[PDB]
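Below, in C-alpha cells: the form deposited in one PDB entry, a single chain.
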C-alpha cells in the first residue's frame, strides 16, 4: 500500500507504518505542502495514514482534473469522515446525487437574485456601522471576527430564507466542526473506523448544533408553507412538489456555515491587511468616495465599478485562501498529461502553496494589491490562483461572497479607519488546523472618520 509512489516512481516523504506521513502535519499542512513543493518539485505523493494522496502543481494537469475530466473521472471530494444525514449536503455528495443538487441549487446565485439581495443586506450595513460606531467610544482594542461574524449570520439568514433574526442586536455554528485532538487524527489517519460511527450515530458536528438547526430550519420552513420571492429556501420547495426533507436541511446547514464562517474570516484578514497597510487602506477609502459621493449607499453596479476593492479582496485571498487545498478522488484508472494515476488515489491541489510559489509571483509573502491591476491581471494563471476552485465543482457561493464582503467593506470604510493596537498580532500567524484561521483573533482599533 505504501509501495504505491515508489512503484509509480513518484517522489515523496517516506511513510511510517500506520501513520503514513501524518506526523509531518505537526507544524501545519500549509508548511508541509510548501516544504514538499520545494523539496520534490512539480508532483509528489504522501499518505494520510493508508491513503495515497498525489499532489500536482502543473497548471495544465490541474485544468484537466479540475475542468476536463471532472464528470468522468474526478467528480468527488475525499470520503471525509462521519457525516450522518449531512451525506446529502452538496459539498459532500457524490456522483449523480451531486449533479442533481448542483443544477437544483445553482440558480440560487444568478444576477437577478443577487441584485435582489442588495436591498436586503442594505439594512445590515446600517446595523454593522452602528455597532462599530458604539465600539469606537471605549477606544480600546477590538475583535473583528466577533463583530463581522454577526454580520455574516444576519445576511445569510435574511437572503437564503428571508428570515431576519437580528443577530446584530443579540450579543452553535462556530461550535460546529481538532487536528491535535485525537479525533480527526484518529480518522484522517484512520478511515476504517468511519462505517462504525455511522452506526454509532456519532457526528463531526455535535448532536446539539444540528438539532438546533434542525428544528430551526424546520421553523423558517413552516412559515412559508401557507402565507402568500424565488429564493434559496423557496427554490427547494419547488423540488419537493426530486428533493426531500433532510436533504433540504442538509443544504441549508452548509450554506449557513459557508456564508457565516468563511465570509467573516476573510473579512478579518482584509481589515488586518488594510491596517498594517494604511496607504492601501486610504487608496480604497478614496475609490469608495470617488464612486459613491457623500457616504452614499453601495449598490450592485457601483460594487462592480470598484476595481481597487476587487484588487484588495483578490490579493488578500492570494495570501489567505481559506481552503488550503482542493481535492478530487480519482474514480477509475486514468492517464492525464503524461502521468498514470490509479483508481482510488486522492489528487490534491495545494492552493496555499501555489499562491506562494517563487515561480509565479515576485515577492510572494508581501501584500501587493497591484499584482491584480488590469495591467498585470493577465500574467496570472487561473490554475495557479484558485481561491474558489475551478470547473464544475467550484465554489457555488463565489459571486455572493465577493459582493457580500464588498458591501460589508464599502460601508465600513465609508465610515471608519483601522489601525493596529498593542493586542494586534504583527505579523500574523496561522493556526495549524484544517481551514485558515489566525492563531489569535484579529484585533484592531477603529477611528470615526
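Under this definition, the rigid core comprises the largest set of C-alpha atoms superposing within 1.5 Å between the forms. Numbering follows the first chain given and starts at 1.
Of the other compared PDB entries of this protein that include residues on both sides, at least a third leave residue 177 without atoms.
Across the other PDB entries of this protein whose models span the neighbouring residues, residue 284 is modelled without exception, so it is unmodelled in far fewer than a third. Count the deposited residues lacking coordinates between residue 241 and residue 242 and you get 4 to 9 of them.
Per the PDB record, of the two stretches 352-360 and 109-117, 109-117 carries the greater mean B-factor over its C-alpha atoms. Relative to one another, 79-87 and 162-170 have unequal mean CA B-factors, and 162-170 is the one with the higher figure. Across 369, 321, 297, 278, the greatest Cα temperature factor reported in the deposited entry is at 297. Of the candidates 283, 140, 100, 332, the one whose C-alpha carries the top B factor in the deposited record is 140. Ranked against the other modelled residues of its chain, the C-alpha B-factor of residue 22 as given in the entry falls in the lowest third. Residue-level temperature factors show residue 232 in the highest third of its chain, judged at the C-alpha atom.
In the deposited entry, the Cα temperature factor of residue 422 sits in the top third of values across the chain's modelled residues.
Sorting the modelled residues of the chain by their CA temperature factor places residue 156 in the middle third.
In the deposited entry, the Cα temperature factor of residue 445 places it in the highest third of its chain's modelled residues.
The same protein has a further form, the form deposited in another entry, not shown here; the description that follows concerns it.
In a rigid core superposition between this form and the one not shown, 212 is the single residue of 360, 71, 212, 300 whose Cα is displaced by 2 Å or more. Annotation for residue 189: C-alpha shift of 2 angstroms or more between this form and the one not shown, rigid core superposed. After superposing the rigid core, the Cα of residue 318 is displaced by less than 2 Å between this form and the one not shown. Relative to the superposed rigid core, the position of the CA of residue 11 differs between this form and the one not shown by less than 2 Å.
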